[PDB]
Structures are given as C-alpha cells and as structure tokens.
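Peer 1: Just start_21.txt, nothing more (compact mmCIF, C-alpha atoms):
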# COMPACT_ATOMS: atom_id res chain seq x y z
CA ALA M 1 -10.19 40.30 29.77
CA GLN M 2 -7.93 38.15 27.57
CA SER M 3 -9.14 34.62 26.70
CA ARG M 4 -5.89 32.93 27.79
CA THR M 5 -7.80 29.79 28.83
CA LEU M 6 -9.32 29.55 25.33
CA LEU M 7 -5.87 30.18 23.80
CA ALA M 8 -4.30 27.56 26.09
CA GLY M 9 -6.79 25.02 24.72
CA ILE M 10 -6.21 26.18 21.13
CA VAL M 11 -2.42 26.20 21.63
CA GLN M 12 -2.63 22.77 23.32
CA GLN M 13 -4.90 21.47 20.53
CA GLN M 14 -2.26 22.41 17.93
CA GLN M 15 0.34 20.37 19.85
CA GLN M 16 -1.96 17.32 19.81
CA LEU M 17 -2.43 17.75 16.05
CA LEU M 18 1.35 18.04 15.60
CA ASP M 19 1.86 14.75 17.48
CA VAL M 20 -0.65 12.87 15.29
CA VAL M 21 1.03 14.34 12.19
CA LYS M 22 4.44 13.12 13.40
CA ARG M 23 2.80 9.80 14.34
CA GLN M 24 1.49 9.41 10.75
CA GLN M 25 5.06 9.73 9.45
CA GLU M 26 6.17 6.81 11.66
CA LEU M 27 3.19 4.74 10.44
CA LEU M 28 4.08 5.58 6.82
CA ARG M 29 7.62 4.25 7.36
CA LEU M 30 6.19 0.88 8.49
CA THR M 31 4.11 0.65 5.28
CA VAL M 32 7.21 1.37 3.18
CA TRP M 33 9.00 -1.52 4.92
CA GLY M 34 6.26 -3.98 3.94
CA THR M 35 6.51 -2.97 0.26
CA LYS M 36 10.34 -3.14 0.25
CA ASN M 37 10.30 -6.54 2.01
CA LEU M 38 8.10 -7.96 -0.77
CA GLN M 39 10.66 -6.80 -3.35
CA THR M 40 13.41 -8.78 -1.58
CA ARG M 41 11.21 -11.87 -1.81
CA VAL M 42 10.52 -11.09 -5.49
CA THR M 43 14.29 -11.06 -6.19
CA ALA M 44 14.52 -14.58 -4.73
CA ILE M 45 11.50 -15.78 -6.78
CA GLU M 46 13.06 -14.68 -10.10
CA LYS M 47 16.17 -16.66 -9.21
CA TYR M 48 13.97 -19.72 -8.56
CA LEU M 49 12.11 -19.12 -11.85
CA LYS M 50 15.45 -19.34 -13.70
CA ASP M 51 16.00 -22.77 -12.10
CA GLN M 52 12.66 -23.93 -13.54
CA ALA M 53 13.92 -23.08 -17.05
CA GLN M 54 16.85 -25.43 -16.39
CA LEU M 55 14.38 -28.27 -15.65
CA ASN M 56 13.42 -29.55 -19.14
CA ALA M 57 13.70 -33.34 -19.56
CA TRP M 58 15.15 -35.94 -17.15
CA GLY M 59 15.94 -39.42 -18.54
CA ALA M 60 14.56 -38.35 -21.93
CA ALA M 61 17.33 -40.50 -23.44
CA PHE M 62 17.96 -44.24 -22.73
CA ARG M 63 19.82 -45.13 -25.96
CA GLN M 64 21.98 -42.01 -26.31
CA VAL M 65 24.82 -40.51 -24.23
CA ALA M 66 23.47 -36.94 -24.16
CA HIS M 67 21.02 -34.78 -22.14
CA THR M 68 18.94 -31.92 -23.61
CA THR M 69 19.06 -28.83 -21.37
CA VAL M 70 16.82 -25.89 -22.42
CA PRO M 71 17.29 -23.03 -19.89
CA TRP M 72 15.00 -20.56 -21.69
CA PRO M 73 14.64 -17.25 -19.75
CA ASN M 74 11.80 -17.39 -17.17
CA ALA M 75 11.76 -14.25 -15.00
CA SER M 76 12.20 -11.00 -16.94
CA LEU M 77 14.96 -9.19 -15.06
CA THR M 78 14.67 -5.39 -14.99
CA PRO M 79 18.06 -3.74 -15.80
CA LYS M 80 17.33 0.04 -16.10
CA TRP M 81 13.60 0.92 -16.06
CA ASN M 82 12.78 -0.30 -12.51
CA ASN M 83 16.15 0.60 -10.95
CA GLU M 84 16.25 4.13 -12.41
CA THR M 85 12.53 4.66 -11.74
CA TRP M 86 12.67 3.12 -8.25
CA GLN M 87 15.73 5.18 -7.28
CA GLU M 88 13.84 8.31 -8.37
CA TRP M 89 10.84 7.13 -6.32
CA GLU M 90 12.97 6.65 -3.19
CA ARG M 91 14.73 9.98 -3.82
CA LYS M 92 11.42 11.88 -3.98
CA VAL M 93 10.47 10.37 -0.62
CA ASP M 94 13.89 11.39 0.79
CA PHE M 95 13.38 15.05 -0.18
CA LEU M 96 9.79 15.00 1.10
CA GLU M 97 10.85 13.46 4.45
CA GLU M 98 13.54 16.14 4.86
CA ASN M 99 10.95 18.84 4.12
CA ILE M 100 8.55 17.43 6.74
CA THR M 101 11.29 17.36 9.41
CA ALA M 102 12.06 21.03 8.70
CA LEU M 103 8.42 22.06 9.18
CA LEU M 104 8.12 19.90 12.32
CA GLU M 105 11.34 21.39 13.74
CA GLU M 106 10.09 24.95 13.16
CA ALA M 107 6.66 24.03 14.55
CA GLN M 108 8.24 22.65 17.74
CA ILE M 109 10.30 25.83 18.23
CA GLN M 110 7.30 28.04 17.36
CA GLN M 111 5.03 25.93 19.59
CA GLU M 112 7.26 26.48 22.65
CA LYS M 113 7.58 30.21 21.85
CA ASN M 114 3.79 30.63 21.49
CA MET M 115 3.23 29.04 24.92
CA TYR M 116 6.05 31.11 26.47
CA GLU M 117 4.38 34.30 25.17
CA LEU M 118 1.12 33.25 26.87
CA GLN M 119 3.06 32.99 30.16
CA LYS M 120 4.51 36.49 29.63
CA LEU M 121 1.00 37.97 29.55
CA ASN M 122 0.49 36.82 33.19
CA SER M 123 3.94 35.61 34.32
CA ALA L 1 -4.30 44.86 24.62
CA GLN L 2 -5.00 42.19 21.98
CA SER L 3 -2.48 39.33 21.65
CA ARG L 4 -2.06 39.74 17.88
CA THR L 5 1.55 38.55 18.09
CA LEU L 6 0.41 35.34 19.81
CA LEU L 7 -2.38 34.95 17.22
CA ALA L 8 0.09 35.57 14.37
CA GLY L 9 2.17 32.67 15.69
CA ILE L 10 -0.92 30.48 16.17
CA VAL L 11 -2.28 31.45 12.72
CA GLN L 12 1.19 30.88 11.20
CA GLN L 13 1.51 27.54 13.04
CA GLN L 14 -1.75 26.34 11.45
CA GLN L 15 -0.35 27.14 7.99
CA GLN L 16 2.77 25.06 8.73
CA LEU L 17 0.55 22.16 9.85
CA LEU L 18 -1.53 22.52 6.66
CA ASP L 19 1.64 22.27 4.53
CA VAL L 20 2.81 19.07 6.26
CA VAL L 21 -0.70 17.61 5.82
CA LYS L 22 -0.62 18.41 2.09
CA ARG L 23 2.96 17.07 1.99
CA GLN L 24 1.77 13.74 3.48
CA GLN L 25 -0.72 13.38 0.61
CA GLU L 26 2.11 13.72 -1.94
CA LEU L 27 4.17 11.12 -0.02
CA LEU L 28 1.16 8.77 0.05
CA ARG L 29 0.87 8.98 -3.75
CA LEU L 30 4.50 7.80 -4.08
CA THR L 31 3.75 4.76 -1.89
CA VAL L 32 0.72 3.91 -4.06
CA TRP L 33 2.98 3.97 -7.15
CA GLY L 34 5.34 1.38 -5.63
CA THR L 35 2.44 -1.00 -4.91
CA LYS L 36 0.91 -0.56 -8.40
CA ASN L 37 4.32 -1.04 -10.07
CA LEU L 38 4.70 -4.42 -8.33
CA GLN L 39 1.33 -5.49 -9.76
CA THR L 40 2.55 -4.75 -13.31
CA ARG L 41 5.54 -7.00 -12.65
CA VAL L 42 3.21 -9.66 -11.20
CA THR L 43 1.18 -9.66 -14.46
CA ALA L 44 4.39 -10.41 -16.38
CA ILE L 45 5.37 -13.20 -13.92
CA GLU L 46 2.06 -15.06 -14.39
CA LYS L 47 2.62 -14.99 -18.14
CA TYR L 48 6.10 -16.50 -17.59
CA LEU L 49 4.62 -19.12 -15.22
CA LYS L 50 2.29 -20.26 -18.04
CA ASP L 51 5.38 -20.79 -20.24
CA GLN L 52 6.82 -23.11 -17.56
CA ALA L 53 3.71 -25.32 -17.83
CA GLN L 54 4.49 -25.66 -21.55
CA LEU L 55 7.96 -27.01 -20.68
CA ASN L 56 7.31 -30.71 -19.90
CA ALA L 57 9.62 -33.14 -21.73
CA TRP L 58 12.19 -32.43 -24.48
CA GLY L 59 13.53 -35.40 -26.49
CA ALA L 60 11.45 -37.76 -24.33
CA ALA L 61 10.94 -39.79 -27.53
CA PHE L 62 13.70 -41.21 -29.81
CA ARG L 63 11.72 -44.07 -31.41
CA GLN L 64 8.40 -42.28 -31.93
CA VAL L 65 7.29 -39.33 -34.10
CA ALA L 66 5.38 -37.47 -31.36
CA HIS L 67 6.05 -34.98 -28.52
CA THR L 68 4.10 -34.88 -25.22
CA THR L 69 3.13 -31.30 -24.30
CA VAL L 70 1.42 -30.83 -20.90
CA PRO L 71 0.63 -27.11 -20.43
CA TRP L 72 -1.15 -27.52 -17.07
CA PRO L 73 -2.24 -24.13 -15.59
CA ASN L 74 0.53 -22.52 -13.47
CA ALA L 75 -0.45 -19.00 -12.37
CA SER L 76 -4.02 -18.69 -11.10
CA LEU L 77 -5.42 -15.73 -13.02
CA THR L 78 -7.95 -13.59 -11.13
CA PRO L 79 -11.02 -12.84 -13.33
CA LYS L 80 -13.54 -11.06 -11.01
CA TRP L 81 -12.55 -11.09 -7.30
CA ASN L 82 -9.34 -9.00 -7.59
CA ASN L 83 -10.54 -6.73 -10.42
CA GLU L 84 -13.89 -5.93 -8.78
CA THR L 85 -12.30 -5.63 -5.33
CA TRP L 86 -9.31 -3.63 -6.60
CA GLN L 87 -11.53 -1.23 -8.57
CA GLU L 88 -13.53 -0.64 -5.37
CA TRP L 89 -10.25 -0.07 -3.50
CA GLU L 90 -9.06 2.52 -6.03
CA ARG L 91 -12.53 4.13 -6.08
CA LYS L 92 -12.53 4.59 -2.28
CA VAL L 93 -9.17 6.34 -2.57
CA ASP L 94 -10.56 8.57 -5.35
CA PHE L 95 -13.48 9.75 -3.18
CA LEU L 96 -11.18 10.24 -0.19
CA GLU L 97 -8.66 12.25 -2.25
CA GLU L 98 -11.47 14.49 -3.55
CA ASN L 99 -12.68 15.02 0.03
CA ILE L 100 -9.17 16.01 1.20
CA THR L 101 -8.80 18.55 -1.64
CA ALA L 102 -12.12 20.15 -0.65
CA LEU L 103 -11.01 20.58 2.98
CA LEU L 104 -7.59 21.88 1.89
CA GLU L 105 -9.22 24.34 -0.53
CA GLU L 106 -11.53 25.69 2.20
CA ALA L 107 -8.62 25.80 4.67
CA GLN L 108 -6.53 27.86 2.22
CA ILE L 109 -9.38 30.34 1.69
CA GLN L 110 -10.14 30.43 5.44
CA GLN L 111 -6.42 30.73 6.24
CA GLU L 112 -6.06 33.86 4.08
CA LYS L 113 -9.27 35.35 5.52
CA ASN L 114 -8.14 34.74 9.12
CA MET L 115 -4.84 36.56 8.46
CA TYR L 116 -6.64 39.39 6.63
CA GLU L 117 -8.91 39.88 9.68
CA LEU L 118 -5.81 40.20 11.89
CA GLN L 119 -4.61 43.02 9.61
CA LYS L 120 -8.00 44.77 9.89
CA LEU L 121 -7.58 45.01 13.68
CA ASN L 122 -4.50 47.26 13.13
CA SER L 123 -4.49 48.00 9.37
CA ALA Y 1 -12.88 44.13 22.00
CA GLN Y 2 -12.19 40.37 21.83
CA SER Y 3 -11.42 38.87 18.40
CA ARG Y 4 -14.03 36.11 18.70
CA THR Y 5 -14.60 36.14 14.93
CA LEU Y 6 -10.87 35.55 14.35
CA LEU Y 7 -10.90 32.81 17.02
CA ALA Y 8 -13.99 31.22 15.46
CA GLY Y 9 -12.07 30.97 12.18
CA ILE Y 10 -8.95 29.66 13.95
CA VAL Y 11 -11.03 27.21 16.03
CA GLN Y 12 -12.95 26.17 12.88
CA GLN Y 13 -9.68 25.82 10.93
CA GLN Y 14 -8.36 23.37 13.54
CA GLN Y 15 -11.49 21.23 13.09
CA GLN Y 16 -10.92 21.11 9.31
CA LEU Y 17 -7.30 20.05 9.91
CA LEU Y 18 -8.47 17.36 12.35
CA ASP Y 19 -10.86 15.96 9.70
CA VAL Y 20 -8.11 15.73 7.05
CA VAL Y 21 -5.85 14.03 9.61
CA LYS Y 22 -8.57 11.46 10.38
CA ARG Y 23 -9.19 11.16 6.63
CA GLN Y 24 -5.49 10.31 6.06
CA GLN Y 25 -5.82 7.41 8.51
CA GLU Y 26 -8.70 5.95 6.46
CA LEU Y 27 -6.64 6.35 3.26
CA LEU Y 28 -3.68 4.63 4.94
CA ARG Y 29 -5.87 1.62 5.78
CA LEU Y 30 -6.75 1.22 2.08
CA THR Y 31 -3.04 1.17 1.16
CA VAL Y 32 -2.39 -1.51 3.79
CA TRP Y 33 -5.15 -3.65 2.21
CA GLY Y 34 -3.45 -3.53 -1.21
CA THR Y 35 -0.14 -4.73 0.26
CA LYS Y 36 -1.79 -7.53 2.28
CA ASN Y 37 -3.84 -8.65 -0.75
CA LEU Y 38 -0.63 -9.09 -2.76
CA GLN Y 39 0.74 -11.37 -0.02
CA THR Y 40 -2.32 -13.65 -0.32
CA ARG Y 41 -1.62 -13.94 -4.05
CA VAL Y 42 2.07 -14.61 -3.29
CA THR Y 43 1.07 -17.55 -1.05
CA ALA Y 44 -0.84 -19.05 -3.99
CA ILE Y 45 2.10 -18.48 -6.39
CA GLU Y 46 4.55 -20.41 -4.16
CA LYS Y 47 2.13 -23.33 -4.13
CA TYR Y 48 2.04 -23.22 -7.96
CA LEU Y 49 5.86 -22.99 -8.07
CA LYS Y 50 6.05 -26.27 -6.10
CA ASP Y 51 3.88 -27.90 -8.80
CA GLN Y 52 6.43 -26.81 -11.44
CA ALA Y 53 9.15 -28.74 -9.57
CA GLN Y 54 6.94 -31.84 -9.91
CA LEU Y 55 6.93 -31.37 -13.71
CA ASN Y 56 10.26 -32.93 -14.81
CA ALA Y 57 9.95 -35.44 -17.68
CA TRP Y 58 6.80 -36.88 -19.30
CA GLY Y 59 7.18 -39.99 -21.50
CA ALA Y 60 10.96 -39.89 -20.94
CA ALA Y 61 10.79 -43.71 -20.93
CA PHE Y 62 9.32 -45.95 -23.70
CA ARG Y 63 11.27 -49.16 -22.95
CA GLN Y 64 11.12 -49.07 -19.14
CA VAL Y 65 8.27 -49.33 -16.60
CA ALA Y 66 9.32 -46.34 -14.47
CA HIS Y 67 8.89 -42.52 -14.37
CA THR Y 68 11.52 -40.09 -13.01
CA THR Y 69 9.93 -37.46 -10.73
CA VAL Y 70 12.25 -34.70 -9.46
CA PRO Y 71 10.22 -32.33 -7.22
CA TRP Y 72 13.17 -30.10 -6.25
CA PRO Y 73 12.08 -27.15 -4.03
CA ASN Y 74 10.99 -24.10 -6.10
CA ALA Y 75 9.54 -21.37 -3.87
CA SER Y 76 11.56 -20.70 -0.71
CA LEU Y 77 8.97 -20.80 2.06
CA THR Y 78 9.59 -18.44 4.99
CA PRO Y 79 9.10 -20.26 8.35
CA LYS Y 80 10.23 -17.75 11.06
CA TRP Y 81 11.95 -14.61 9.67
CA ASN Y 82 8.95 -13.18 7.73
CA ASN Y 83 6.25 -14.37 10.15
CA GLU Y 84 8.03 -13.08 13.27
CA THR Y 85 9.10 -9.88 11.52
CA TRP Y 86 5.71 -9.34 9.86
CA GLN Y 87 3.83 -9.91 13.14
CA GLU Y 88 6.07 -7.29 14.76
CA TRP Y 89 5.37 -4.96 11.82
CA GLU Y 90 1.59 -5.37 12.20
CA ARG Y 91 1.89 -5.01 16.00
CA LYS Y 92 3.73 -1.68 15.69
CA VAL Y 93 0.91 -0.41 13.47
CA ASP Y 94 -1.66 -1.63 16.04
CA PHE Y 95 -0.03 0.36 18.87
CA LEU Y 96 0.36 3.42 16.63
CA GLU Y 97 -3.30 3.25 15.51
CA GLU Y 98 -4.43 3.05 19.15
CA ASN Y 99 -2.26 6.08 19.99
CA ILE Y 100 -3.77 8.11 17.11
CA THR Y 101 -7.33 7.29 18.24
CA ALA Y 102 -6.49 8.50 21.77
CA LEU Y 103 -5.20 11.86 20.48
CA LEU Y 104 -8.18 12.21 18.13
CA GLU Y 105 -10.62 11.39 20.96
CA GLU Y 106 -9.03 14.02 23.23
CA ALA Y 107 -8.94 16.52 20.35
CA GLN Y 108 -12.66 16.01 19.69
CA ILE Y 109 -13.52 16.56 23.37
CA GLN Y 110 -11.13 19.54 23.60
CA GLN Y 111 -12.45 20.92 20.30
CA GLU Y 112 -16.05 20.99 21.59
CA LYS Y 113 -14.93 22.51 24.91
CA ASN Y 114 -12.92 25.26 23.16
CA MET Y 115 -15.96 26.24 21.08
CA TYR Y 116 -18.25 26.09 24.14
CA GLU Y 117 -15.91 28.50 25.97
CA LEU Y 118 -16.18 30.94 23.05
CA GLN Y 119 -19.98 30.86 23.47
CA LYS Y 120 -19.62 31.57 27.22
CA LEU Y 121 -17.82 34.84 26.45
CA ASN Y 122 -21.01 36.13 24.73
CA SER Y 123 -23.68 33.51 25.53
Would you kindly transcribe this structure into structure tokens?

Peer 2:
Amino acid sequence: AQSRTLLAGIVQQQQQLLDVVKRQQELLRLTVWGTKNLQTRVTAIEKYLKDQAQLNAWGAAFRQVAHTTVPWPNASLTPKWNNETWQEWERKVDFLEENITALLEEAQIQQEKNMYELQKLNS
Amino acid sequence: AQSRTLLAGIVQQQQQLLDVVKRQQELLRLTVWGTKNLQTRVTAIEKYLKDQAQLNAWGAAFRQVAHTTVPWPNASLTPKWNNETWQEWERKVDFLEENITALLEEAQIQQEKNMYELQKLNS
Amino acid sequence: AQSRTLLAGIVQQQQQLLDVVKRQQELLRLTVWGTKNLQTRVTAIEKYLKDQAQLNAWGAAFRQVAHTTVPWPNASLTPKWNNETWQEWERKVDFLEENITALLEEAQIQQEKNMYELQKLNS
C-alpha cells in the first residue's frame, strides 16, 4: 500500500532539480568570464590613454630646436581601492562556490541513499 | 509501515536544495557588483576622454599671441537611452528579487510545517 | 494511513523550488544584457579613441603650407581572439540554456503527473 511509484517520481524530480542547479553554476562561471575579459581589455585601454597624453604638439616649432611634450595623466589607475575590493569580491565567490560544492556533494550521496532505501522496501 | 526515514531524507534533501538556491542569489549579487563597478570606472574614463579633446596644439605659435584650442567631443555621453534602459533593467531585477524572496519565505514556512507533520505521525 | 498531506506539501514544495529555479534563469538573462550593453559602448569608445590619434597639432605651422597629421593607432581592435572566443562563450550559454529548458519541460510534465497520481489514491 506504499506509494513507491509516487516517491520514485518525487525522488527522480529532485534529481532533475539538482542537475539544473548544478547547470546554473556552470552558466554563472561563463558570465564571470565575460566580465573578467572586459577588465583585461580595460587594462590595455588605460595604457593607450597614457599614449594620448604624450601626443601634444607635432611641428609646433619651426624656428626653435625644442619640442614641447605634455604627458598629463589620462587614465586614472586604481592602486588599492579596486584591487583590494576586487580581491574581496573574488574571495567571497570562492567561499560561496566551495559551500555549493559541499551541499551538492552531500545531495548526491543522500540522493543515491534515498533511492537505495526505496529498493530495500521491495528489493 | 510508513517510510518516514525515506521522507526524512527527501524532506531534508529539499532543504539542502533550498539552501543552494538561496546561495545562488547571493552569488548573483556579487556578479552584479562587478558589472556596476565597471560602469563607475567608465564614467571616469569619459571625463578623461573629454580632457584629451582639449589637448590639441601646445606652442603651435611662436610669432602670434594666440593659442588654438579644439575641444571636439570625445566620449559620447548617453543622456536618455542608457539611463532609461538601465533603470528598466535594474527595476526588472528588483521585481524578480522580491518574487524570489516571497517563494523562499513560503518555502521556509512550508518546510518547517512539512517536518512538523512528520513528527506528528510518531510524536 | 498514507501521508498524502505530507506528500502534498513535499510535492508543492518542489513546485515552489522549480519556480525559483526558472526565476533565476530570467534574472541571469538580465545580467547578460548589462554585460553585452557595455560592449556596445566599448565599440563606440574605440572609434572615438581613433579620432584622438588624428588630433596631433593644430596651427603648428605659420610659415609653411602644410599640416602634420599623425593618426597613430589608439584603440587595439580585436580581430580574431575576442570574436572567436566570445562566439564560443555565447555558444556554450546557448547549449546550456537549451539543456535547462529540457529539464524544466520534463519537470513540469513530471510535476503534473506526480500530483495526478496523488489524486488517484483518493480520487
């Protein structure tokens, strides 16, 4: 009189939900890559912006033996606020990812044990 | 003859899935911070780009009492399309976050009630 | 003697978890839009950076009939590495999204069948 068939569907449904949850984590990693890739491009752009400061006046002297170079800062380089804040941001993600793996690992073990118990009822 | 042990595992498994789901929301917030932080840096870069337009020709005159300044636009500032579209983007997230909290709140209450019912069977 | 009420809560709880999971996918799409929108702005900024290279020296000649134009590259345009890598990044998301829809579709069908079975016990 036990509803094993209903439980098999419920137990199976939990597995499908677990897979989508794990799948979301993989998708999240791809999004993180896009953001980080933009930062690498940003580092190159600031370097180029500095070159623009070097460009000031070409041939601005035809009766003098001197050239005026005005390399005024262009890209504001972040020394501590972004690096310290970004490292903390990445670190929070690292602890959160480790926590999700722990719950997924226990869920996988528990998931197999729950199904095994169902078999024991009518093994 | 009831499979309370199997149900305890199934009920417990749902709680573990709920935690990972809530955990994903926290991780998502960290990703949003990285994107928003880049925008703050972008606002500073456009300001610097405007300064580059000001740089045009230094000392390009040694027999005249005048200086040619050509501050031609450099960074295209967004007045309505990004602000109106970005506000809508943030607003959609705000309604979605509120909807997730409602489902999590009901799940927590329902989760405790489901376990309490299991205790009533053999309390 | 069956715990249908407990199962109804467990079955209902799974539906609530499924909704939040689907809700996370919608939220993820909004985050992807923010990242892609920044790239469109970046494409415009590189074009503006090229214009800065054109600006070199205005009026740097008052006794000559010539102008010195030095349009040295400014923004490093990505021809193959970002496009090929970004297309692969978007493609991975496309396969992952299709996989999530398949699991959600099966879960919806299975979810309705699990509830229908509960009704059959006492229909």

Peer 1: What residues in chain M lie within 9 Å of chain Y, counting only C-alpha atoms, written as a ChimeraX atom specification?

Peer 2: /M:1-3,5-7,9-10,13-14,16-17,19-21,23-24,26-28,30-31,33-35,37-38,41,44-45,48-49,51-52,55-62

Peer 1: At what distance in Å, to one decimal, does CA of residue 29 in chain Y lie from CA of residue 85 in chain Y?

Peer 2: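 Calculated distance between CA of residue 85 in chain Y and CA of residue 29 in chain Y is 19.7 Å.
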
Peer 1: Any chance you could dump chain M, least-squares fitted to chain Y on all C-alpha atoms in order, as a short mmCIF file (atom, residue, chain, number, x, y, z; two decimals) with C-alpha atoms, in the frame of the given file?

Peer 2:
data_model
loop_
_atom_site.label_atom_id
_atom_site.label_comp_id
_atom_site.auth_asym_id
_atom_site.auth_seq_id
_atom_site.Cartn_x
_atom_site.Cartn_y
_atom_site.Cartn_z
CA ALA M 1 -12.86 44.13 22.00
CA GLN M 2 -12.19 40.38 21.83
CA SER M 3 -11.42 38.87 18.39
CA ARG M 4 -14.03 36.10 18.70
CA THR M 5 -14.60 36.14 14.92
CA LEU M 6 -10.87 35.56 14.35
CA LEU M 7 -10.89 32.82 17.02
CA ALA M 8 -13.99 31.23 15.46
CA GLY M 9 -12.08 30.96 12.18
CA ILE M 10 -8.96 29.65 13.94
CA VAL M 11 -11.03 27.21 16.03
CA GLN M 12 -12.95 26.16 12.89
CA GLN M 13 -9.68 25.82 10.93
CA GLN M 14 -8.36 23.37 13.54
CA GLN M 15 -11.49 21.22 13.08
CA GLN M 16 -10.92 21.11 9.31
CA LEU M 17 -7.30 20.05 9.91
CA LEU M 18 -8.48 17.36 12.34
CA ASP M 19 -10.86 15.96 9.69
CA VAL M 20 -8.11 15.73 7.05
CA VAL M 21 -5.85 14.03 9.62
CA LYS M 22 -8.57 11.46 10.38
CA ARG M 23 -9.20 11.16 6.63
CA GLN M 24 -5.49 10.31 6.06
CA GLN M 25 -5.82 7.41 8.52
CA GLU M 26 -8.70 5.94 6.46
CA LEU M 27 -6.64 6.35 3.26
CA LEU M 28 -3.67 4.63 4.95
CA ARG M 29 -5.87 1.62 5.79
CA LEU M 30 -6.76 1.22 2.08
CA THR M 31 -3.04 1.17 1.16
CA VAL M 32 -2.39 -1.52 3.79
CA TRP M 33 -5.14 -3.65 2.21
CA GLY M 34 -3.45 -3.53 -1.21
CA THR M 35 -0.13 -4.73 0.26
CA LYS M 36 -1.79 -7.53 2.28
CA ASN M 37 -3.85 -8.65 -0.75
CA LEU M 38 -0.64 -9.10 -2.76
CA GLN M 39 0.73 -11.37 -0.02
CA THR M 40 -2.32 -13.65 -0.32
CA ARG M 41 -1.62 -13.94 -4.05
CA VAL M 42 2.07 -14.61 -3.30
CA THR M 43 1.08 -17.55 -1.05
CA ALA M 44 -0.84 -19.06 -3.98
CA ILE M 45 2.10 -18.49 -6.39
CA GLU M 46 4.55 -20.41 -4.15
CA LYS M 47 2.13 -23.33 -4.13
CA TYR M 48 2.05 -23.22 -7.95
CA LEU M 49 5.86 -22.99 -8.06
CA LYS M 50 6.05 -26.27 -6.10
CA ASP M 51 3.88 -27.89 -8.80
CA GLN M 52 6.42 -26.81 -11.44
CA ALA M 53 9.14 -28.74 -9.55
CA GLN M 54 6.94 -31.84 -9.90
CA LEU M 55 6.92 -31.38 -13.71
CA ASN M 56 10.26 -32.93 -14.81
CA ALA M 57 9.95 -35.44 -17.68
CA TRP M 58 6.80 -36.88 -19.31
CA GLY M 59 7.18 -39.99 -21.51
CA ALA M 60 10.95 -39.89 -20.95
CA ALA M 61 10.79 -43.70 -20.93
CA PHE M 62 9.33 -45.94 -23.71
CA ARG M 63 11.28 -49.15 -22.95
CA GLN M 64 11.13 -49.07 -19.14
CA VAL M 65 8.28 -49.33 -16.60
CA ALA M 66 9.32 -46.34 -14.47
CA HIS M 67 8.89 -42.53 -14.37
CA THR M 68 11.52 -40.09 -13.01
CA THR M 69 9.93 -37.47 -10.74
CA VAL M 70 12.26 -34.69 -9.47
CA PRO M 71 10.23 -32.32 -7.22
CA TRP M 72 13.18 -30.10 -6.25
CA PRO M 73 12.09 -27.15 -4.03
CA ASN M 74 10.99 -24.10 -6.10
CA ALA M 75 9.54 -21.37 -3.87
CA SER M 76 11.56 -20.70 -0.71
CA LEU M 77 8.97 -20.81 2.07
CA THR M 78 9.59 -18.44 4.99
CA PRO M 79 9.10 -20.25 8.36
CA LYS M 80 10.24 -17.75 11.06
CA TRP M 81 11.94 -14.61 9.67
CA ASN M 82 8.95 -13.18 7.72
CA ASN M 83 6.24 -14.37 10.14
CA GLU M 84 8.02 -13.09 13.27
CA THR M 85 9.10 -9.88 11.51
CA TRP M 86 5.70 -9.33 9.86
CA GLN M 87 3.83 -9.91 13.13
CA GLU M 88 6.07 -7.29 14.76
CA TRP M 89 5.36 -4.95 11.83
CA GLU M 90 1.59 -5.37 12.21
CA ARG M 91 1.88 -5.01 16.00
CA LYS M 92 3.73 -1.68 15.70
CA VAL M 93 0.92 -0.40 13.47
CA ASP M 94 -1.65 -1.63 16.04
CA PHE M 95 -0.03 0.36 18.86
CA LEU M 96 0.36 3.42 16.62
CA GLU M 97 -3.30 3.26 15.51
CA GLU M 98 -4.43 3.05 19.15
CA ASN M 99 -2.26 6.07 19.99
CA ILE M 100 -3.77 8.10 17.13
CA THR M 101 -7.33 7.29 18.25
CA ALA M 102 -6.49 8.50 21.77
CA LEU M 103 -5.20 11.85 20.49
CA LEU M 104 -8.19 12.21 18.13
CA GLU M 105 -10.62 11.39 20.96
CA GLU M 106 -9.04 14.02 23.23
CA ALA M 107 -8.94 16.52 20.36
CA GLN M 108 -12.66 16.02 19.69
CA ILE M 109 -13.52 16.56 23.37
CA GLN M 110 -11.13 19.54 23.60
CA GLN M 111 -12.45 20.92 20.29
CA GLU M 112 -16.05 20.99 21.58
CA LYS M 113 -14.93 22.51 24.91
CA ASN M 114 -12.92 25.26 23.16
CA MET M 115 -15.97 26.25 21.08
CA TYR M 116 -18.25 26.09 24.14
CA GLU M 117 -15.91 28.50 25.97
CA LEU M 118 -16.18 30.94 23.05
CA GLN M 119 -19.98 30.85 23.48
CA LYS M 120 -19.61 31.57 27.22
CA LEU M 121 -17.81 34.84 26.45
CA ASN M 122 -21.01 36.13 24.73
CA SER M 123 -23.67 33.51 25.54
#

Peer 1: Which distance in Å separates CA of residue 88 in chain M and CA of residue 88 in chain L, to one decimal?

Peer 2: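 The value is 29.0 Å.
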
Peer 1: CA of residue 43 in chain Y and CA of residue 95 in chain Y are how many Å apart?

Peer 2: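 Here the two named atoms are 26.8 Å from each other.
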